[PDB]
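Shown here: input28.cif, mmCIF, C-alpha atoms and all ligand atoms.
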```cif
data_my_file
loop_
_atom_site.label_atom_id
_atom_site.label_comp_id
_atom_site.auth_asym_id
_atom_site.auth_seq_id
_atom_site.Cartn_x
_atom_site.Cartn_y
_atom_site.Cartn_z
CA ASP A 1 25.94 -270.15 17.31
CA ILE A 2 28.69 -270.02 19.92
CA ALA A 3 30.22 -273.29 21.11
CA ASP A 4 29.46 -273.95 24.78
CA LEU A 5 33.05 -274.76 25.74
CA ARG A 6 32.18 -274.98 29.45
CA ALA A 7 30.25 -278.16 28.62
CA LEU A 8 33.68 -279.80 28.41
CA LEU A 9 34.79 -279.22 32.00
CA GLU A 10 32.64 -271.92 40.58
CA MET A 11 36.30 -271.83 39.63
CA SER A 12 38.80 -270.01 37.43
CA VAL A 13 38.89 -272.03 34.21
CA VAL A 14 40.74 -271.48 30.92
CA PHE A 15 40.75 -273.34 27.58
CA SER A 16 43.53 -272.91 25.00
CA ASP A 17 43.88 -274.05 21.38
CA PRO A 18 47.35 -275.51 20.70
CA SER A 19 46.57 -275.78 16.97
CA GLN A 20 46.56 -271.98 16.68
CA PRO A 21 49.80 -269.95 16.69
CA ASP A 22 51.03 -269.23 20.24
CA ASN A 23 48.46 -271.53 21.91
CA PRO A 24 45.92 -268.76 22.62
CA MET A 25 43.07 -268.79 25.12
CA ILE A 26 39.71 -269.40 23.45
CA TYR A 27 37.61 -269.42 26.62
CA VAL A 28 37.98 -267.99 30.11
CA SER A 29 35.50 -268.08 32.99
CA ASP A 30 34.22 -264.92 34.68
CA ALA A 31 36.06 -265.95 37.85
CA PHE A 32 39.34 -265.85 35.91
CA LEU A 33 38.60 -262.34 34.66
CA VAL A 34 37.57 -261.07 38.09
CA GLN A 35 40.67 -262.45 39.79
CA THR A 36 43.08 -261.09 37.16
CA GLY A 37 41.39 -257.73 36.59
CA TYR A 38 41.03 -258.00 32.81
CA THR A 39 38.11 -257.69 30.41
CA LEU A 40 37.18 -260.48 28.00
CA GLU A 41 38.47 -258.53 24.98
CA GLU A 42 41.91 -258.14 26.60
CA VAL A 43 42.33 -261.89 27.14
CA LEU A 44 40.79 -263.95 24.32
CA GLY A 45 43.31 -264.70 21.58
CA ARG A 46 46.36 -264.16 23.79
CA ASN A 47 48.63 -266.72 25.45
CA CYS A 48 48.07 -266.98 29.21
CA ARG A 49 51.69 -265.97 29.87
CA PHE A 50 50.48 -262.38 30.22
CA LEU A 51 49.79 -263.39 33.84
CA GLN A 52 53.54 -263.79 34.35
CA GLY A 53 55.57 -260.87 35.69
CA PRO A 54 58.89 -259.52 37.03
CA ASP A 55 59.44 -262.07 39.83
CA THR A 56 57.93 -265.10 38.11
CA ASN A 57 60.35 -268.04 38.17
CA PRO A 58 61.67 -268.74 34.64
CA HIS A 59 62.22 -272.43 35.46
CA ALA A 60 58.56 -272.71 36.47
CA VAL A 61 57.65 -271.25 33.08
CA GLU A 62 59.83 -273.79 31.28
CA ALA A 63 58.36 -276.61 33.39
CA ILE A 64 54.89 -275.66 32.13
CA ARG A 65 56.08 -275.53 28.52
CA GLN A 66 57.54 -279.05 28.77
CA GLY A 67 54.44 -280.30 30.59
CA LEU A 68 52.36 -279.13 27.65
CA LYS A 69 54.65 -280.88 25.16
CA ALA A 70 54.29 -284.03 27.26
CA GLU A 71 50.48 -283.86 26.96
CA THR A 72 49.90 -285.09 30.50
CA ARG A 73 48.15 -283.94 33.67
CA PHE A 74 50.24 -281.60 35.81
CA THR A 75 49.98 -278.99 38.56
CA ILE A 76 52.40 -276.21 39.51
CA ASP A 77 52.57 -273.18 41.81
CA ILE A 78 53.71 -270.11 39.90
CA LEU A 79 53.86 -266.41 40.79
CA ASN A 80 51.27 -264.56 38.71
CA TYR A 81 50.15 -260.93 38.53
CA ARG A 82 46.90 -259.01 38.13
CA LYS A 83 46.48 -256.09 35.74
CA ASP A 84 47.09 -253.68 38.64
CA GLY A 85 50.49 -255.28 39.22
CA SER A 86 49.58 -257.07 42.45
CA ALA A 87 51.10 -260.54 42.76
CA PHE A 88 49.59 -263.86 43.85
CA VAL A 89 50.73 -267.47 43.99
CA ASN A 90 48.70 -269.36 41.41
CA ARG A 91 48.10 -273.11 41.68
CA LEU A 92 47.76 -274.06 38.03
CA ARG A 93 46.26 -277.41 37.02
CA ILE A 94 46.52 -278.34 33.34
CA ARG A 95 45.27 -281.32 31.34
CA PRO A 96 45.03 -282.18 27.62
CA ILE A 97 41.70 -282.78 25.88
CA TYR A 98 41.47 -285.01 22.81
CA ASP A 99 39.05 -285.35 19.89
CA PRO A 100 37.34 -288.73 19.20
CA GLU A 101 40.15 -289.43 16.72
CA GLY A 102 42.74 -289.17 19.49
CA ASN A 103 44.34 -285.92 18.34
CA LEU A 104 45.13 -283.15 20.83
CA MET A 105 42.27 -280.65 20.68
CA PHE A 106 42.48 -278.26 23.63
CA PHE A 107 44.28 -277.71 26.88
CA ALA A 108 42.13 -277.10 29.95
CA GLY A 109 43.43 -275.11 32.89
CA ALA A 110 41.98 -274.67 36.36
CA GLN A 111 43.54 -272.01 38.57
CA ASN A 112 43.23 -270.91 42.18
CA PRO A 113 45.23 -268.55 44.41
CA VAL A 114 47.24 -270.30 47.10
CA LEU A 115 46.65 -268.88 50.58
CA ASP B 1 39.85 -287.07 28.33
CA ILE B 2 37.80 -287.00 25.13
CA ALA B 3 35.85 -283.85 24.30
CA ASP B 4 32.09 -284.46 24.37
CA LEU B 5 31.40 -282.84 21.01
CA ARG B 6 27.73 -283.89 21.06
CA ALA B 7 27.24 -281.40 23.90
CA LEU B 8 27.37 -278.75 21.16
CA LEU B 9 24.33 -279.88 19.18
CA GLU B 10 18.32 -289.48 17.36
CA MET B 11 19.72 -288.14 14.11
CA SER B 12 22.69 -288.42 11.77
CA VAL B 13 25.08 -285.70 12.93
CA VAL B 14 28.59 -284.74 11.78
CA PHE B 15 31.14 -282.16 13.00
CA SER B 16 34.05 -280.99 10.85
CA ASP B 17 37.14 -278.88 11.61
CA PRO B 18 37.77 -276.26 8.89
CA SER B 19 41.08 -275.28 10.53
CA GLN B 20 42.56 -278.66 9.59
CA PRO B 21 43.63 -279.48 6.01
CA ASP B 22 40.68 -280.68 3.88
CA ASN B 23 38.04 -279.85 6.54
CA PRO B 24 37.93 -283.37 8.02
CA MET B 25 35.20 -284.91 10.16
CA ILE B 26 36.13 -284.99 13.84
CA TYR B 27 32.88 -286.47 15.12
CA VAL B 28 30.10 -288.59 13.62
CA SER B 29 27.04 -290.06 15.34
CA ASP B 30 26.30 -293.78 15.34
CA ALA B 31 23.23 -293.10 13.18
CA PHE B 32 25.52 -291.63 10.50
CA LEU B 33 27.71 -294.73 10.54
CA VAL B 34 24.76 -297.12 10.42
CA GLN B 35 23.13 -295.33 7.49
CA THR B 36 26.35 -295.10 5.45
CA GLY B 37 27.74 -298.54 6.28
CA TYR B 38 31.15 -297.41 7.52
CA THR B 39 33.12 -298.00 10.71
CA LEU B 40 34.37 -295.11 12.85
CA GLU B 41 37.99 -295.68 11.80
CA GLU B 42 37.05 -295.37 8.11
CA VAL B 43 35.40 -291.96 8.58
CA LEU B 44 37.20 -289.83 11.20
CA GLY B 45 39.85 -287.62 9.63
CA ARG B 46 38.35 -287.72 6.14
CA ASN B 47 36.28 -285.11 4.32
CA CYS B 48 32.59 -286.05 4.09
CA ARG B 49 32.76 -285.99 0.27
CA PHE B 50 33.42 -289.73 0.38
CA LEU B 51 29.61 -289.99 0.50
CA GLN B 52 29.50 -288.57 -3.03
CA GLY B 53 29.43 -290.93 -6.00
CA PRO B 54 29.05 -291.46 -9.77
CA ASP B 55 25.68 -289.70 -10.24
CA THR B 56 26.13 -286.97 -7.63
CA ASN B 57 25.46 -283.54 -9.15
CA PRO B 58 28.72 -281.54 -9.42
CA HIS B 59 26.84 -278.23 -9.14
CA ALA B 60 25.32 -279.40 -5.85
CA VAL B 61 28.85 -280.14 -4.63
CA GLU B 62 30.02 -276.65 -5.61
CA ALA B 63 26.94 -275.11 -3.95
CA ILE B 64 27.97 -276.74 -0.67
CA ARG B 65 31.56 -275.53 -1.02
CA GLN B 66 30.40 -271.93 -1.52
CA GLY B 67 27.88 -272.26 1.32
CA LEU B 68 30.75 -273.21 3.61
CA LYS B 69 32.82 -270.23 2.48
CA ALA B 70 29.79 -268.03 3.19
CA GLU B 71 29.63 -269.32 6.78
CA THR B 72 25.84 -269.32 6.87
CA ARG B 73 23.01 -271.77 7.51
CA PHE B 74 22.02 -273.80 4.46
CA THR B 75 20.24 -276.98 3.41
CA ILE B 76 20.54 -278.99 0.19
CA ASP B 77 19.37 -282.30 -1.28
CA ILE B 78 22.30 -284.23 -2.74
CA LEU B 79 22.66 -287.78 -4.06
CA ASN B 80 24.87 -289.75 -1.66
CA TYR B 81 26.04 -293.36 -1.53
CA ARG B 82 26.60 -296.03 1.10
CA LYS B 83 29.73 -298.20 1.26
CA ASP B 84 27.85 -300.96 -0.60
CA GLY B 85 27.24 -298.57 -3.49
CA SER B 86 23.52 -298.09 -2.88
CA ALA B 87 22.32 -294.53 -3.46
CA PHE B 88 20.05 -292.28 -1.41
CA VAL B 89 18.91 -288.66 -1.55
CA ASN B 90 20.46 -286.91 1.43
CA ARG B 91 18.93 -283.76 2.93
CA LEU B 92 22.01 -282.04 4.29
CA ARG B 93 21.70 -279.19 6.82
CA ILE B 94 24.89 -277.29 7.63
CA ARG B 95 25.65 -274.45 10.04
CA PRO B 96 28.84 -272.76 11.31
CA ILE B 97 29.85 -272.82 14.98
CA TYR B 98 31.99 -270.05 16.47
CA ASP B 99 34.30 -269.74 19.47
CA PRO B 100 33.64 -267.03 22.12
CA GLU B 101 36.12 -264.83 20.22
CA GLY B 102 33.95 -264.98 17.10
CA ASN B 103 36.27 -267.13 15.00
CA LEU B 104 34.92 -270.05 12.97
CA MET B 105 35.48 -273.20 15.02
CA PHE B 106 33.50 -276.09 13.55
CA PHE B 107 30.86 -276.87 11.00
CA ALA B 108 27.89 -278.92 12.18
CA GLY B 109 25.93 -281.10 9.78
CA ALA B 110 22.63 -282.88 10.26
CA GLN B 111 21.61 -285.39 7.59
CA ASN B 112 18.53 -287.44 6.80
CA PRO B 113 17.44 -289.54 3.80
CA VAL B 114 14.63 -288.02 1.78
CA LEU B 115 11.74 -290.43 1.20
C1 LIG A 201 45.11 -273.96 29.48
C2 LIG A 201 46.33 -273.21 29.96
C3 LIG A 201 46.24 -272.37 31.07
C4 LIG A 201 47.35 -271.68 31.52
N1 LIG A 201 47.23 -270.86 32.59
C5 LIG A 201 48.30 -270.18 33.06
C6 LIG A 201 48.20 -269.28 34.24
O1 LIG A 201 47.10 -269.14 34.83
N2 LIG A 201 49.30 -268.64 34.64
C7 LIG A 201 50.48 -268.78 34.01
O2 LIG A 201 51.48 -268.16 34.44
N3 LIG A 201 50.65 -269.59 32.93
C8 LIG A 201 49.62 -270.29 32.42
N4 LIG A 201 49.78 -271.12 31.29
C9 LIG A 201 51.10 -271.26 30.66
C10 LIG A 201 51.38 -270.28 29.53
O3 LIG A 201 50.23 -270.11 28.70
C11 LIG A 201 52.54 -270.83 28.72
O4 LIG A 201 52.18 -272.11 28.18
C12 LIG A 201 53.77 -271.01 29.60
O5 LIG A 201 54.24 -269.71 29.96
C13 LIG A 201 54.88 -271.78 28.89
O6 LIG A 201 55.21 -271.15 27.65
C14 LIG A 201 48.66 -271.84 30.83
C15 LIG A 201 48.75 -272.68 29.72
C16 LIG A 201 47.63 -273.37 29.27
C17 LIG A 201 47.74 -274.29 28.07
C1 LIG A 202 29.73 -280.71 8.65
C2 LIG A 202 29.67 -281.13 7.20
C3 LIG A 202 28.89 -282.21 6.82
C4 LIG A 202 28.83 -282.61 5.49
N1 LIG A 202 28.07 -283.68 5.15
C5 LIG A 202 27.99 -284.08 3.87
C6 LIG A 202 27.15 -285.24 3.46
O1 LIG A 202 26.50 -285.88 4.32
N2 LIG A 202 27.12 -285.58 2.17
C7 LIG A 202 27.82 -284.91 1.23
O2 LIG A 202 27.75 -285.27 0.04
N3 LIG A 202 28.60 -283.84 1.53
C8 LIG A 202 28.73 -283.39 2.79
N4 LIG A 202 29.54 -282.28 3.11
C9 LIG A 202 30.26 -281.57 2.06
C10 LIG A 202 31.67 -282.07 1.78
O3 LIG A 202 32.36 -282.37 3.00
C11 LIG A 202 32.41 -280.99 1.02
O4 LIG A 202 32.46 -279.80 1.81
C12 LIG A 202 31.69 -280.67 -0.29
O5 LIG A 202 31.82 -281.79 -1.16
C13 LIG A 202 32.25 -279.42 -0.97
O6 LIG A 202 33.66 -279.56 -1.17
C14 LIG A 202 29.60 -281.87 4.46
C15 LIG A 202 30.38 -280.77 4.84
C16 LIG A 202 30.44 -280.38 6.17
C17 LIG A 202 31.29 -279.20 6.58
#
```
Let me see whether you can do it: turn the structure in this file into structure tokens.
Ligand SMILES: Cc1cc2nc3c(=O)[nH]c(=O)nc-3n(C[C@H](O)[C@H](O)[C@H](O)CO)c2cc1C
Ligand SMILES: Cc1cc2nc3c(=O)[nH]c(=O)nc-3n(C[C@H](O)[C@H](O)[C@H](O)CO)c2cc1C
Amino acid sequence: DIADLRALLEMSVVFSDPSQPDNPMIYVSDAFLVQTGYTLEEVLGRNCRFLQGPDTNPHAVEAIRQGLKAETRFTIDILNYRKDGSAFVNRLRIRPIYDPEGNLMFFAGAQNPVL
Amino acid sequence: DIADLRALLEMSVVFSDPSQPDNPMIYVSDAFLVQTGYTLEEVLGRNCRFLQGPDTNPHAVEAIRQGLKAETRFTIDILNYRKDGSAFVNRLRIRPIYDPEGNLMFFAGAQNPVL
């Protein structure tokens, strides 16, 4: 049986597991894959920083890293790239998800291109 | 936000996390707590072997351990005990749950007293 992770949420959605090394994605929606130009096999198990590219702001990247450590709700606009190298401004919304014990379980991310 | 783990299942249900040390319970249903006589704080974070007691069969315990390592569906009758020390035969049904990647994510257990 496969865990229905979407039962924890028409949008680009990602779930990551901070208990695993490098905080890898464990679920991505089809909308995410279509927008970024990747297949499921290319994404699952990797950190979502593969969306970052040559002109991505390094301070924006560090802001996200600290926001994760803070375990709080945050949103940020960051330059991301598709597999074909085309760039888009990504409005990234991230929030922590806890287990009934109160321990950090997943991060949930909802993305959408800013236009 | 707390993950709705029950959205991955009137019965005694338990979820454990084999990625954490000692494969601790991360969710238990109210029915489980009522039958065993424990509070939520006494259970979450512990391995479910606290239900085992003086006359529990050690081969049955080892059978469960191997069944977990096998990552397959199994059922077994094992003598368990409530907090007050009263004993009951527990029909334990266990199955593995995987993430979209195919990695083992949780174990799910459904219990009921045999009578
Ligand atoms: C659930 C989740 C979704 C994320 N989505 C994105 C994203 O769409 N684009 C991006 O550049 N970084 C994203 N990141 C940030 C990235 O994985 C990494 O944490 C940062 O680069 C800081 O190291 C995400 C992080 C998490 C936890
Ligand atoms: C999801 C799950 C539920 C379990 N429930 C019980 C139980 O109700 N009674 C019991 O004696 N052992 C139970 N066990 C077995 C126990 O936690 C431990 O794995 C065994 O004692 C073998 O080490 C359970 C194990 C898992 C993974």
Chain B on chain A, least-squares, complete ordered Cα pairing, as an mmCIF file with C-alpha atoms, in the coordinates of the input:
```
data_model
loop_
_atom_site.group_PDB
_atom_site.id
_atom_site.type_symbol
_atom_site.label_atom_id
_atom_site.label_comp_id
_atom_site.auth_asym_id
_atom_site.auth_seq_id
_atom_site.Cartn_x
_atom_site.Cartn_y
_atom_site.Cartn_z
ATOM 1 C CA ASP B 1 25.935 -270.150 17.309
ATOM 2 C CA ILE B 2 28.693 -270.020 19.922
ATOM 3 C CA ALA B 3 30.220 -273.289 21.103
ATOM 4 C CA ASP B 4 29.467 -273.951 24.778
ATOM 5 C CA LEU B 5 33.047 -274.757 25.739
ATOM 6 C CA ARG B 6 32.185 -274.984 29.451
ATOM 7 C CA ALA B 7 30.248 -278.158 28.625
ATOM 8 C CA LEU B 8 33.682 -279.804 28.407
ATOM 9 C CA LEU B 9 34.782 -279.220 31.997
ATOM 10 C CA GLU B 10 32.643 -271.917 40.581
ATOM 11 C CA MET B 11 36.304 -271.831 39.630
ATOM 12 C CA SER B 12 38.801 -270.010 37.433
ATOM 13 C CA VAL B 13 38.892 -272.031 34.214
ATOM 14 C CA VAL B 14 40.738 -271.481 30.919
ATOM 15 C CA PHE B 15 40.749 -273.339 27.573
ATOM 16 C CA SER B 16 43.522 -272.908 25.007
ATOM 17 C CA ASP B 17 43.886 -274.044 21.380
ATOM 18 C CA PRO B 18 47.357 -275.508 20.696
ATOM 19 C CA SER B 19 46.564 -275.779 16.968
ATOM 20 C CA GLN B 20 46.563 -271.982 16.680
ATOM 21 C CA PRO B 21 49.802 -269.948 16.684
ATOM 22 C CA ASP B 22 51.033 -269.232 20.241
ATOM 23 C CA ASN B 23 48.454 -271.533 21.912
ATOM 24 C CA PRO B 24 45.928 -268.756 22.619
ATOM 25 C CA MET B 25 43.071 -268.791 25.117
ATOM 26 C CA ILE B 26 39.713 -269.395 23.452
ATOM 27 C CA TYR B 27 37.613 -269.423 26.612
ATOM 28 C CA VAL B 28 37.981 -267.983 30.114
ATOM 29 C CA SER B 29 35.497 -268.075 32.995
ATOM 30 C CA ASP B 30 34.214 -264.925 34.674
ATOM 31 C CA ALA B 31 36.056 -265.951 37.853
ATOM 32 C CA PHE B 32 39.341 -265.850 35.906
ATOM 33 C CA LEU B 33 38.602 -262.341 34.662
ATOM 34 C CA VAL B 34 37.566 -261.074 38.090
ATOM 35 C CA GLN B 35 40.673 -262.448 39.794
ATOM 36 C CA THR B 36 43.084 -261.091 37.161
ATOM 37 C CA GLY B 37 41.390 -257.737 36.583
ATOM 38 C CA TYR B 38 41.033 -258.006 32.809
ATOM 39 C CA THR B 39 38.109 -257.685 30.411
ATOM 40 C CA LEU B 40 37.185 -260.483 28.000
ATOM 41 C CA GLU B 41 38.464 -258.533 24.985
ATOM 42 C CA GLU B 42 41.903 -258.138 26.600
ATOM 43 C CA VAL B 43 42.333 -261.892 27.143
ATOM 44 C CA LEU B 44 40.788 -263.950 24.311
ATOM 45 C CA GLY B 45 43.314 -264.702 21.586
ATOM 46 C CA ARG B 46 46.361 -264.166 23.791
ATOM 47 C CA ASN B 47 48.631 -266.719 25.446
ATOM 48 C CA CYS B 48 48.063 -266.979 29.209
ATOM 49 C CA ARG B 49 51.691 -265.969 29.878
ATOM 50 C CA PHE B 50 50.482 -262.384 30.223
ATOM 51 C CA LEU B 51 49.787 -263.393 33.842
ATOM 52 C CA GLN B 52 53.539 -263.787 34.350
ATOM 53 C CA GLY B 53 55.565 -260.876 35.696
ATOM 54 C CA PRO B 54 58.885 -259.517 37.026
ATOM 55 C CA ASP B 55 59.446 -262.069 39.827
ATOM 56 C CA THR B 56 57.925 -265.100 38.106
ATOM 57 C CA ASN B 57 60.358 -268.034 38.163
ATOM 58 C CA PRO B 58 61.676 -268.743 34.634
ATOM 59 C CA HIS B 59 62.222 -272.429 35.461
ATOM 60 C CA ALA B 60 58.561 -272.720 36.470
ATOM 61 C CA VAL B 61 57.643 -271.244 33.083
ATOM 62 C CA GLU B 62 59.828 -273.788 31.278
ATOM 63 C CA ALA B 63 58.357 -276.610 33.395
ATOM 64 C CA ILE B 64 54.894 -275.666 32.135
ATOM 65 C CA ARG B 65 56.079 -275.531 28.522
ATOM 66 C CA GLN B 66 57.544 -279.045 28.769
ATOM 67 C CA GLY B 67 54.442 -280.299 30.594
ATOM 68 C CA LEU B 68 52.366 -279.125 27.646
ATOM 69 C CA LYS B 69 54.648 -280.879 25.164
ATOM 70 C CA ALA B 70 54.285 -284.035 27.269
ATOM 71 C CA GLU B 71 50.483 -283.861 26.968
ATOM 72 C CA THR B 72 49.902 -285.093 30.506
ATOM 73 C CA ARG B 73 48.149 -283.935 33.669
ATOM 74 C CA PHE B 74 50.235 -281.596 35.809
ATOM 75 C CA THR B 75 49.974 -278.991 38.553
ATOM 76 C CA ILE B 76 52.395 -276.214 39.515
ATOM 77 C CA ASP B 77 52.567 -273.186 41.814
ATOM 78 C CA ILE B 78 53.706 -270.109 39.896
ATOM 79 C CA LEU B 79 53.861 -266.414 40.789
ATOM 80 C CA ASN B 80 51.270 -264.551 38.706
ATOM 81 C CA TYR B 81 50.150 -260.927 38.534
ATOM 82 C CA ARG B 82 46.904 -259.014 38.133
ATOM 83 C CA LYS B 83 46.472 -256.084 35.734
ATOM 84 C CA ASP B 84 47.092 -253.679 38.640
ATOM 85 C CA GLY B 85 50.486 -255.284 39.218
ATOM 86 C CA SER B 86 49.579 -257.068 42.449
ATOM 87 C CA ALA B 87 51.101 -260.537 42.762
ATOM 88 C CA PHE B 88 49.597 -263.851 43.844
ATOM 89 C CA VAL B 89 50.733 -267.472 43.988
ATOM 90 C CA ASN B 90 48.696 -269.359 41.411
ATOM 91 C CA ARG B 91 48.092 -273.111 41.683
ATOM 92 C CA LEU B 92 47.767 -274.055 38.036
ATOM 93 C CA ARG B 93 46.260 -277.417 37.014
ATOM 94 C CA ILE B 94 46.523 -278.343 33.338
ATOM 95 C CA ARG B 95 45.266 -281.324 31.341
ATOM 96 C CA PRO B 96 45.031 -282.181 27.619
ATOM 97 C CA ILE B 97 41.699 -282.775 25.876
ATOM 98 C CA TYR B 98 41.464 -285.008 22.805
ATOM 99 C CA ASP B 99 39.049 -285.348 19.892
ATOM 100 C CA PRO B 100 37.339 -288.726 19.209
ATOM 101 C CA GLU B 101 40.149 -289.435 16.718
ATOM 102 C CA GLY B 102 42.745 -289.165 19.484
ATOM 103 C CA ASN B 103 44.335 -285.913 18.339
ATOM 104 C CA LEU B 104 45.133 -283.148 20.828
ATOM 105 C CA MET B 105 42.278 -280.645 20.682
ATOM 106 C CA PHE B 106 42.477 -278.257 23.630
ATOM 107 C CA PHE B 107 44.276 -277.714 26.878
ATOM 108 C CA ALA B 108 42.126 -277.107 29.948
ATOM 109 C CA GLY B 109 43.427 -275.113 32.895
ATOM 110 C CA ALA B 110 41.976 -274.672 36.357
ATOM 111 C CA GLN B 111 43.549 -272.006 38.569
ATOM 112 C CA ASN B 112 43.233 -270.913 42.177
ATOM 113 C CA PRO B 113 45.237 -268.555 44.419
ATOM 114 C CA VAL B 114 47.250 -270.300 47.100
ATOM 115 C CA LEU B 115 46.647 -268.875 50.579
#
```
Residues within 10 Å of residue 87 of chain A, only C-alpha atoms, excluding chain neighbours under 3 positions, as a compact mmCIF listing (two decimals) with C-alpha atoms, in the coordinates of the input:
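Written file, selection_27.txt:
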```
# COMPACT_ATOMS: atom_id res chain seq x y z
CA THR A 36 43.08 -261.09 37.16
CA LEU A 51 49.79 -263.39 33.84
CA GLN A 52 53.54 -263.79 34.35
CA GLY A 53 55.57 -260.87 35.69
CA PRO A 54 58.89 -259.52 37.03
CA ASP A 55 59.44 -262.07 39.83
CA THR A 56 57.93 -265.10 38.11
CA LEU A 79 53.86 -266.41 40.79
CA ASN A 80 51.27 -264.56 38.71
CA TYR A 81 50.15 -260.93 38.53
CA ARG A 82 46.90 -259.01 38.13
CA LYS A 83 46.48 -256.09 35.74
CA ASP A 84 47.09 -253.68 38.64
CA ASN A 90 48.70 -269.36 41.41
```
Would you kindly report the residues of chain A within 7 Å of chain B, using all atoms listed in the file, as a count of residues only?
-> 14
Which residues come within 12 Å of residue 63 of chain B, counting all atoms listed in the file, excluding same-chain residues fewer than 4 positions away, as a PyMOL selection string?
-> chain B and resi 57-59+67-70+74-78+92+94
May I ask which of the residues A:66, A:86, A:112, A:23 is the closest one to residue 48 of chain A, counting only C-alpha atoms?
-> A:23
